[PDB]
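Colleague: Any chance you could fold what I've pasted below:
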Amino acid sequence: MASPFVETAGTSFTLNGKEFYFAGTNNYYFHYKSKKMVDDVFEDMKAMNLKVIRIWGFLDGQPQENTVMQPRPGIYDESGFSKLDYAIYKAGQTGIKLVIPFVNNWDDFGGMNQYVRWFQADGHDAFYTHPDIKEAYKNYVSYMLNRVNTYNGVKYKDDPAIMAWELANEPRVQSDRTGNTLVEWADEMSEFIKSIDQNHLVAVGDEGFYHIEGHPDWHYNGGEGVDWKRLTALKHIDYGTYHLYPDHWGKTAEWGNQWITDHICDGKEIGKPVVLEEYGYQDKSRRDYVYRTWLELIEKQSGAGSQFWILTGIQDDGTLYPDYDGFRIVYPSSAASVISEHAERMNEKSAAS
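Modeller: Numbering: from 1, shown residues only. Sure, structure below:
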(Lines give C-alpha, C1' and ligand atoms only; values in the text may rest on other atoms or scores of the structure.)
Protein backbone atom coordinates (compact mmCIF):
# COMPACT_ATOMS: atom_id res chain seq x y z
CA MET A 1 0.00 0.00 0.00
CA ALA A 2 1.15 3.57 -0.78
CA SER A 3 2.26 5.39 2.37
CA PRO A 4 3.15 9.02 3.14
CA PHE A 5 5.94 7.67 5.38
CA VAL A 6 9.24 6.72 3.78
CA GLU A 7 9.46 2.91 3.71
CA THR A 8 11.88 0.37 2.27
CA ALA A 9 11.55 -2.20 -0.56
CA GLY A 10 14.76 -4.23 -1.02
CA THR A 11 17.71 -1.86 -1.59
CA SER A 12 15.69 1.29 -2.15
CA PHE A 13 13.31 3.51 -0.25
CA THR A 14 9.70 4.11 -1.25
CA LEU A 15 7.44 7.11 -0.69
CA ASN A 16 3.81 7.55 -1.75
CA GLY A 17 3.87 4.41 -3.87
CA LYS A 18 7.02 5.24 -5.85
CA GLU A 19 10.73 4.53 -5.35
CA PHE A 20 12.52 7.30 -3.42
CA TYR A 21 16.10 7.81 -4.59
CA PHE A 22 17.43 11.07 -3.24
CA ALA A 23 20.26 13.45 -2.64
CA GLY A 24 20.27 15.34 0.62
CA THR A 25 22.42 17.02 3.22
CA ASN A 26 23.13 17.65 6.90
CA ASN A 27 22.89 20.72 9.12
CA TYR A 28 23.52 20.90 12.89
CA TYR A 29 22.04 24.33 13.73
CA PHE A 30 18.32 23.92 13.09
CA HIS A 31 17.62 23.38 16.79
CA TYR A 32 19.14 26.68 17.96
CA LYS A 33 19.13 29.22 15.11
CA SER A 34 16.37 31.58 13.93
CA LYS A 35 13.52 30.73 11.61
CA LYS A 36 15.15 33.05 9.05
CA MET A 37 18.37 30.96 9.10
CA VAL A 38 16.51 27.63 9.04
CA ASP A 39 14.16 28.75 6.26
CA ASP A 40 17.11 29.86 4.16
CA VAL A 41 18.62 26.32 4.28
CA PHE A 42 15.25 24.81 3.30
CA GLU A 43 15.08 27.27 0.40
CA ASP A 44 18.59 26.25 -0.69
CA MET A 45 17.47 22.60 -0.60
CA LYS A 46 14.58 23.30 -2.94
CA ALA A 47 16.85 25.16 -5.35
CA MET A 48 19.30 22.21 -5.22
CA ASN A 49 16.59 19.53 -5.68
CA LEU A 50 17.47 18.00 -2.30
CA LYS A 51 14.81 15.90 -0.58
CA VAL A 52 16.30 14.87 2.79
CA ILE A 53 18.20 16.65 5.54
CA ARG A 54 19.83 15.10 8.59
CA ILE A 55 19.62 17.34 11.67
CA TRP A 56 20.51 16.86 15.33
CA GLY A 57 17.75 15.81 17.72
CA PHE A 58 19.83 16.50 20.81
CA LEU A 59 21.18 19.40 22.85
CA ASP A 60 22.26 17.82 26.14
CA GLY A 61 23.64 19.66 29.16
CA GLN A 62 25.04 23.11 28.39
CA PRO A 63 22.88 25.50 26.35
CA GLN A 64 24.02 26.83 22.98
CA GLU A 65 22.86 30.40 22.31
CA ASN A 66 20.51 30.20 25.25
CA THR A 67 18.87 27.06 23.78
CA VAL A 68 18.84 23.55 25.23
CA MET A 69 16.79 20.34 24.91
CA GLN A 70 17.85 18.24 27.92
CA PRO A 71 19.71 20.38 30.48
CA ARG A 72 19.50 17.61 33.11
CA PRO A 73 18.35 13.96 32.85
CA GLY A 74 14.62 13.84 32.18
CA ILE A 75 14.23 17.64 32.08
CA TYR A 76 13.00 18.48 28.58
CA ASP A 77 13.24 22.18 27.66
CA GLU A 78 10.97 24.07 25.27
CA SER A 79 13.74 26.37 24.01
CA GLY A 80 15.39 23.63 21.85
CA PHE A 81 12.29 21.44 21.44
CA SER A 82 10.28 24.34 19.99
CA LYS A 83 12.96 24.82 17.34
CA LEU A 84 12.97 21.11 16.50
CA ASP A 85 9.15 21.32 16.28
CA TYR A 86 9.55 24.20 13.80
CA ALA A 87 12.02 22.21 11.65
CA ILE A 88 9.60 19.29 11.49
CA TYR A 89 6.72 21.63 10.65
CA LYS A 90 8.71 23.44 7.93
CA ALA A 91 9.88 20.11 6.44
CA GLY A 92 6.23 19.09 6.20
CA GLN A 93 5.27 22.38 4.54
CA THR A 94 8.04 22.08 1.93
CA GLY A 95 7.92 18.34 1.11
CA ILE A 96 11.34 17.59 2.60
CA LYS A 97 12.12 14.66 4.91
CA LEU A 98 14.22 14.69 8.08
CA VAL A 99 16.64 12.16 9.54
CA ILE A 100 17.09 12.75 13.27
CA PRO A 101 19.68 11.08 15.58
CA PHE A 102 18.92 11.03 19.32
CA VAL A 103 22.45 11.52 20.75
CA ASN A 104 25.94 12.51 19.59
CA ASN A 105 28.91 10.18 19.86
CA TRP A 106 30.95 13.41 20.08
CA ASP A 107 30.92 16.12 22.68
CA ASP A 108 29.27 18.79 20.49
CA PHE A 109 25.84 19.46 21.97
CA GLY A 110 26.73 17.35 25.01
CA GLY A 111 26.83 13.81 23.55
CA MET A 112 27.22 10.47 25.22
CA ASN A 113 29.85 12.05 27.47
CA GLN A 114 27.19 14.36 28.95
CA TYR A 115 25.27 11.21 29.99
CA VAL A 116 28.51 9.76 31.41
CA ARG A 117 28.98 12.97 33.42
CA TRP A 118 25.37 13.10 34.66
CA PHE A 119 25.50 9.44 35.77
CA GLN A 120 28.96 9.54 37.37
CA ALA A 121 30.46 6.93 35.02
CA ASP A 122 34.14 6.52 34.28
CA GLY A 123 34.41 6.93 30.50
CA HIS A 124 32.65 7.42 27.17
CA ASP A 125 31.84 3.80 26.45
CA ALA A 126 29.91 3.37 29.71
CA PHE A 127 27.08 5.04 27.79
CA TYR A 128 26.35 1.75 26.00
CA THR A 129 26.41 -0.65 28.95
CA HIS A 130 25.39 1.07 32.17
CA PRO A 131 21.70 0.43 32.89
CA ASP A 132 21.16 3.95 34.36
CA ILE A 133 22.44 5.59 31.18
CA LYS A 134 20.55 3.24 28.88
CA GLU A 135 17.33 4.03 30.75
CA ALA A 136 17.98 7.78 30.54
CA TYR A 137 18.52 7.42 26.77
CA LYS A 138 15.28 5.41 26.52
CA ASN A 139 13.37 8.03 28.51
CA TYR A 140 14.64 10.74 26.17
CA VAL A 141 13.74 8.72 23.07
CA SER A 142 10.28 7.94 24.40
CA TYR A 143 9.68 11.60 25.27
CA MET A 144 10.66 12.67 21.76
CA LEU A 145 8.62 10.03 19.97
CA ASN A 146 5.54 11.00 22.01
CA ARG A 147 6.02 14.76 21.94
CA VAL A 148 3.20 16.81 20.45
CA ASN A 149 4.68 19.24 17.92
CA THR A 150 3.62 22.72 19.09
CA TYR A 151 3.34 23.91 15.47
CA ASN A 152 0.77 21.36 14.29
CA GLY A 153 -0.56 19.16 17.11
CA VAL A 154 0.96 15.98 15.56
CA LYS A 155 3.13 13.72 17.72
CA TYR A 156 6.62 13.18 16.30
CA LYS A 157 5.98 9.41 15.92
CA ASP A 158 2.99 10.26 13.68
CA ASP A 159 4.58 12.90 11.43
CA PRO A 160 5.52 11.75 7.87
CA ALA A 161 7.91 14.70 7.46
CA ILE A 162 10.36 12.58 9.48
CA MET A 163 11.99 9.91 7.28
CA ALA A 164 13.95 8.14 10.00
CA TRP A 165 15.08 8.12 13.58
CA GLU A 166 18.76 7.38 14.16
CA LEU A 167 20.20 5.82 17.28
CA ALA A 168 23.24 8.15 17.39
CA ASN A 169 25.53 10.35 15.31
CA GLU A 170 28.67 8.28 14.56
CA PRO A 171 28.54 5.92 17.58
CA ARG A 172 31.91 4.33 18.32
CA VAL A 173 33.02 1.91 21.06
CA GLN A 174 36.79 2.12 20.86
CA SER A 175 37.21 0.04 23.96
CA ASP A 176 35.42 -2.92 22.29
CA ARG A 177 37.35 -4.51 19.42
CA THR A 178 34.72 -7.23 18.94
CA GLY A 179 31.91 -4.85 17.85
CA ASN A 180 29.58 -6.73 20.21
CA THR A 181 28.82 -3.83 22.54
CA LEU A 182 27.46 -1.56 19.83
CA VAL A 183 25.53 -4.37 18.14
CA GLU A 184 23.86 -5.32 21.43
CA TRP A 185 23.04 -1.69 22.26
CA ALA A 186 21.74 -1.02 18.77
CA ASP A 187 19.58 -4.14 18.87
CA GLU A 188 18.05 -3.06 22.18
CA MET A 189 17.47 0.58 21.19
CA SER A 190 16.08 -0.09 17.72
CA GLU A 191 13.68 -2.62 19.21
CA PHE A 192 12.67 -0.02 21.82
CA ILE A 193 11.95 2.66 19.18
CA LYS A 194 9.93 0.22 17.07
CA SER A 195 7.90 -0.81 20.13
CA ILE A 196 6.62 2.81 20.27
CA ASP A 197 6.73 4.08 16.68
CA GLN A 198 5.36 1.73 14.02
CA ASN A 199 5.41 4.40 11.29
CA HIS A 200 9.08 5.39 10.90
CA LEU A 201 12.33 3.89 9.71
CA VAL A 202 15.25 3.46 12.12
CA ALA A 203 18.97 3.50 11.29
CA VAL A 204 22.07 3.31 13.48
CA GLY A 205 23.95 6.38 12.24
CA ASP A 206 27.35 4.70 12.34
CA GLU A 207 30.16 5.54 9.92
CA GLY A 208 30.15 2.18 8.10
CA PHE A 209 33.42 0.66 9.34
CA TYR A 210 33.86 -3.05 8.81
CA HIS A 211 34.96 -5.62 11.37
CA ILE A 212 38.10 -7.08 9.83
CA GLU A 213 39.36 -9.91 12.01
CA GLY A 214 42.89 -9.93 13.38
CA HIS A 215 44.75 -6.63 13.49
CA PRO A 216 44.23 -4.64 10.28
CA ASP A 217 46.67 -1.82 9.60
CA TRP A 218 43.77 0.67 9.12
CA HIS A 219 42.45 0.75 12.67
CA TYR A 220 39.04 2.17 11.66
CA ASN A 221 38.02 -1.33 10.39
CA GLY A 222 37.62 -3.08 13.70
CA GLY A 223 39.27 -0.70 16.17
CA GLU A 224 36.36 1.71 16.54
CA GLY A 225 33.94 -0.91 17.85
CA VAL A 226 31.78 -0.61 14.72
CA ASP A 227 30.78 -3.78 12.77
CA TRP A 228 28.64 -2.26 10.04
CA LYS A 229 27.55 -5.50 8.38
CA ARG A 230 26.18 -6.83 11.70
CA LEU A 231 24.59 -3.47 12.63
CA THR A 232 22.86 -3.18 9.25
CA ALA A 233 21.59 -6.76 9.49
CA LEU A 234 19.78 -6.12 12.83
CA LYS A 235 16.07 -6.92 12.61
CA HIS A 236 14.81 -3.47 13.63
CA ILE A 237 17.30 -1.51 11.52
CA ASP A 238 15.81 -0.58 8.15
CA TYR A 239 18.83 0.75 6.25
CA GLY A 240 22.59 0.98 6.60
CA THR A 241 24.47 4.22 7.08
CA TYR A 242 28.04 4.95 6.02
CA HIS A 243 30.08 8.19 6.19
CA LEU A 244 33.11 9.20 4.16
CA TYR A 245 35.95 11.57 5.11
CA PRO A 246 38.97 10.08 3.34
CA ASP A 247 41.27 12.97 4.17
CA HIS A 248 40.70 12.65 7.94
CA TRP A 249 41.04 8.92 7.79
CA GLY A 250 44.41 8.93 6.00
CA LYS A 251 42.84 7.67 2.71
CA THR A 252 42.37 9.09 -0.80
CA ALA A 253 39.39 10.04 -2.98
CA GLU A 254 39.95 6.85 -4.98
CA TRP A 255 39.81 4.78 -1.81
CA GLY A 256 36.51 6.63 -1.24
CA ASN A 257 35.24 5.37 -4.62
CA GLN A 258 35.93 1.80 -3.49
CA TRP A 259 34.34 2.48 -0.06
CA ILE A 260 31.11 3.62 -1.75
CA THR A 261 31.11 0.67 -4.15
CA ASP A 262 31.71 -1.77 -1.26
CA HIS A 263 28.86 -0.38 0.87
CA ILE A 264 26.39 -0.29 -2.04
CA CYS A 265 27.38 -3.89 -2.91
CA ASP A 266 26.91 -4.97 0.69
CA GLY A 267 23.45 -3.38 0.68
CA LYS A 268 22.62 -5.54 -2.37
CA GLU A 269 23.86 -8.67 -0.56
CA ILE A 270 22.12 -7.89 2.77
CA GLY A 271 18.99 -6.73 0.91
CA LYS A 272 18.52 -3.30 2.55
CA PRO A 273 19.08 0.24 1.33
CA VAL A 274 22.30 2.03 2.21
CA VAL A 275 22.87 5.76 2.46
CA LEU A 276 26.18 7.68 2.24
CA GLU A 277 24.75 9.86 5.10
CA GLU A 278 27.80 12.16 5.45
CA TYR A 279 30.55 12.83 2.93
CA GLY A 280 33.10 15.58 2.53
CA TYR A 281 36.43 16.31 0.88
CA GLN A 282 38.66 19.11 2.13
CA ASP A 283 40.61 20.23 -1.00
CA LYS A 284 38.12 22.65 -2.52
CA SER A 285 40.09 22.77 -5.79
CA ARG A 286 39.37 19.05 -6.30
CA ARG A 287 36.11 18.52 -4.43
CA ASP A 288 33.84 19.20 -7.44
CA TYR A 289 35.47 16.35 -9.39
CA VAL A 290 35.63 14.11 -6.32
CA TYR A 291 31.96 14.65 -5.45
CA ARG A 292 30.91 14.24 -9.07
CA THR A 293 32.69 10.88 -9.19
CA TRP A 294 31.29 9.69 -5.85
CA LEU A 295 27.74 10.71 -6.76
CA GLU A 296 27.94 9.04 -10.16
CA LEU A 297 28.78 5.77 -8.39
CA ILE A 298 25.70 6.28 -6.21
CA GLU A 299 23.58 6.86 -9.31
CA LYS A 300 25.01 4.13 -11.58
CA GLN A 301 25.25 1.41 -8.90
CA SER A 302 21.74 2.12 -7.56
CA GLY A 303 22.64 3.30 -4.08
CA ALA A 304 19.56 4.52 -2.28
CA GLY A 305 20.89 8.01 -1.53
CA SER A 306 23.55 10.27 -0.09
CA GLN A 307 23.75 13.39 2.10
CA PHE A 308 26.69 15.81 1.95
CA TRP A 309 28.25 17.54 4.94
CA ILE A 310 27.42 20.48 5.14
CA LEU A 311 24.84 22.88 3.68
CA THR A 312 24.79 26.22 5.47
CA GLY A 313 22.97 29.42 4.51
CA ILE A 314 22.76 33.05 5.55
CA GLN A 315 22.95 34.43 9.05
CA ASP A 316 20.43 36.86 10.49
CA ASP A 317 22.37 39.80 9.07
CA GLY A 318 22.24 38.32 5.55
CA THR A 319 25.92 37.39 5.26
CA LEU A 320 26.96 33.76 4.83
CA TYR A 321 27.34 31.59 7.88
CA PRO A 322 31.15 31.00 7.98
CA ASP A 323 33.01 27.94 6.74
CA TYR A 324 34.16 26.96 10.25
CA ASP A 325 35.10 23.37 9.43
CA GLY A 326 36.28 23.49 5.77
CA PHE A 327 33.29 21.52 4.46
CA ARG A 328 30.81 24.35 3.83
CA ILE A 329 28.71 24.13 0.69
CA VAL A 330 26.70 27.26 -0.17
CA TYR A 331 24.04 27.77 -2.79
CA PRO A 332 24.77 28.87 -5.51
CA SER A 333 28.26 27.45 -6.02
CA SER A 334 30.15 25.10 -8.30
CA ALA A 335 29.99 22.27 -5.70
CA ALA A 336 26.28 22.90 -5.19
CA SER A 337 25.76 22.53 -8.95
CA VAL A 338 27.53 19.16 -9.00
CA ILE A 339 25.25 17.98 -6.23
CA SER A 340 22.05 19.49 -7.64
CA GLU A 341 22.61 17.94 -11.09
CA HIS A 342 22.96 14.56 -9.43
CA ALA A 343 19.90 15.26 -7.23
CA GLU A 344 17.81 15.98 -10.30
CA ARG A 345 18.77 12.59 -11.81
CA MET A 346 17.85 10.81 -8.56
CA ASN A 347 14.49 12.59 -8.49
CA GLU A 348 13.84 11.69 -12.15
CA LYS A 349 14.67 8.06 -11.37
CA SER A 350 12.12 8.16 -8.55
CA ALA A 351 9.41 9.75 -10.71
CA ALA A 352 9.99 7.17 -13.50
CA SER A 353 9.85 4.25 -11.06
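
Colleague: where do the strands sit along the stretch 201-350 of the chain?
Modeller: 201-203, 240-244, 274-279, 305-308 (DSSP state E, counting those that start in this stretch).

Colleague: correction: the stretch 51-200 of the chain
Modeller: Using DSSP E, counting those that start in this stretch, strands in the stretch 51-200 of the chain cover 52-55, 97-101, 162-166.

Colleague: Name the stretch among the ones you listed that sits most buried.
Modeller: strand 162-166 (a mean of 26; mean count of other CB atoms under 10 Å). Using the backbone N, CA and C atoms, a C-beta is placed for each residue, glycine as well.

Colleague: And the residue nearest the centre of the chain?
Modeller: In the chain, the centroid-proximal residue (CA atoms, centre = their mean) is residue 54; its distance is 4.7 Å.

Colleague: ok, back up a step: quick one: which of the strands of the stretch 201-350 of the chain is nearest residue 70?
Modeller: strand 201-203 (20.2 Å; CB to CB).

Colleague: and the closest one, how far from the chain's centre?
Modeller: Distance of strand 201-203 from the chain centroid (CA atoms, centre = their mean, to the nearest Å) equals 10 Å.

Colleague: Contacts made by it with the rest, please.
Modeller: Contacting residues not belonging to strand 201-203 are listed as 5-8, 99, 163-167, 190, 193-194, 236-241, 275, 277 [CB atoms under 8 Å, 6 or more residues apart in numbering].

Colleague: do you know which of the strands of the stretch 201-350 of the chain lies nearest residue 322?
Modeller: Per CB to CB, nearest to residue 322 of these: strand 305-308, 17.6 Å.

Colleague: ok so, going back, adding mean neighbour count as columns, could you present the strands of the stretch 201-350 of the chain in a markdown table?
Modeller: Formatted as a markdown table, these follow (neighbours: other CB atoms under 10 Å):
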| stretch | mean neighbour count |
| --- | --- |
| strand 201-203 | 24 |
| strand 240-244 | 26 |
| strand 274-279 | 27 |
| strand 305-308 | 26 |
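
Colleague: Same list as before, the ones you listed that is, but in TSV and with distance to residue 336 included.
Modeller: Shown next, in TSV, are the strands of the stretch 201-350 of the chain (distance: least, CB to CB, whole Å):
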stretch	distance to residue 336
strand 201-203	25
strand 240-244	18
strand 274-279	14
strand 305-308	9
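
Colleague: all helices in the stretch 1-150 of the chain, in order from the N-terminus.
Modeller: Taking DSSP state H, counting those that start in this stretch, the helices of the stretch 1-150 of the chain run over residues 35-47, 78-94, 111-118, 126-129, 131-146.

Colleague: Put together a markdown table for those, with mean neighbour count and distance to residue 327 on each row.
Modeller: Formatted as a markdown table, those follow (neighbours: other CB atoms under 10 Å; distance: least, CB to CB, whole Å):
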| stretch | mean neighbour count | distance to residue 327 |
| --- | --- | --- |
| helix 35-47 | 18 | 15 |
| helix 78-94 | 20 | 21 |
| helix 111-118 | 20 | 20 |
| helix 126-129 | 21 | 26 |
| helix 131-146 | 17 | 27 |
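
Colleague: Tabulate those (TSV), appending distance to residue 223.
Modeller: Converted to TSV, these look like this (distance: least, CB to CB, whole Å):
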stretch	distance to residue 223
helix 35-47	35
helix 78-94	34
helix 111-118	18
helix 126-129	16
helix 131-146	23
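
Colleague: can you tell which of those helices is closest to residue 210?
Modeller: Evaluated over the helices of the stretch 1-150 of the chain, closeness to residue 210 peaks at helix 126-129, with 19.4 Å, by CB to CB.

Colleague: next one: the closest one to chain centre, how far?
Modeller: That offset, for helix 126-129, works out to 21 Å (CA atoms, centre = their mean).

Colleague: That helix - contacts with which helices or strands?
Modeller: The contact analysis (3 or more CB pairs under 8 Å, 6 or more residues apart in numbering; DSSP states H and E) places helix 126-129 against helix 111-118, helix 131-146, helix 180-196.

Colleague: List the contacts of stretch 138-150.
Modeller: Residues contacting stretch 138-150 (CB under 8 Å, 6+ apart): 57, 70, 73-74, 76, 78, 81-82, 85, 88-89, 102-103, 154-157, 159, 165, 189, 192-193, 196-197.

Colleague: how about the nearest residue to residue 92, chain neighbours excluded?
Modeller: residue 161 (3.7 Å; CB to CB, 6 or more residues apart in numbering).

Colleague: again, but for residue 74
Modeller: residue 139 (5.8 Å).

Colleague: For residue 243, see how far away that neighbour is.
Modeller: For residue 139, the distance to residue 243 equals 28 Å [CB to CB, to the nearest Å].

Colleague: cool, residue 290 as well?
Modeller: As for residue 290, its distance to residue 243 is 15 Å (criterion: CB to CB).

Colleague: what does residue 20 give?
Modeller: 21 Å.

Colleague: Now for residue 329: which residues touch it?
Modeller: By CB under 8 Å, 6+ apart, the residues touching residue 329 are 25, 308, 310-312, 335-336, 339.

Colleague: Distance to residue 213 added to these, as JSON lines?
Modeller: Rendered in JSON lines, the data for the contacts of residue 329 read as follows (distance: CB to CB, whole Å):
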{"residue": "25", "distance to residue 213": "35"}
{"residue": "308", "distance to residue 213": "33"}
{"residue": "310", "distance to residue 213": "35"}
{"residue": "311", "distance to residue 213": "38"}
{"residue": "312", "distance to residue 213": "40"}
{"residue": "335", "distance to residue 213": "38"}
{"residue": "336", "distance to residue 213": "41"}
{"residue": "339", "distance to residue 213": "37"}
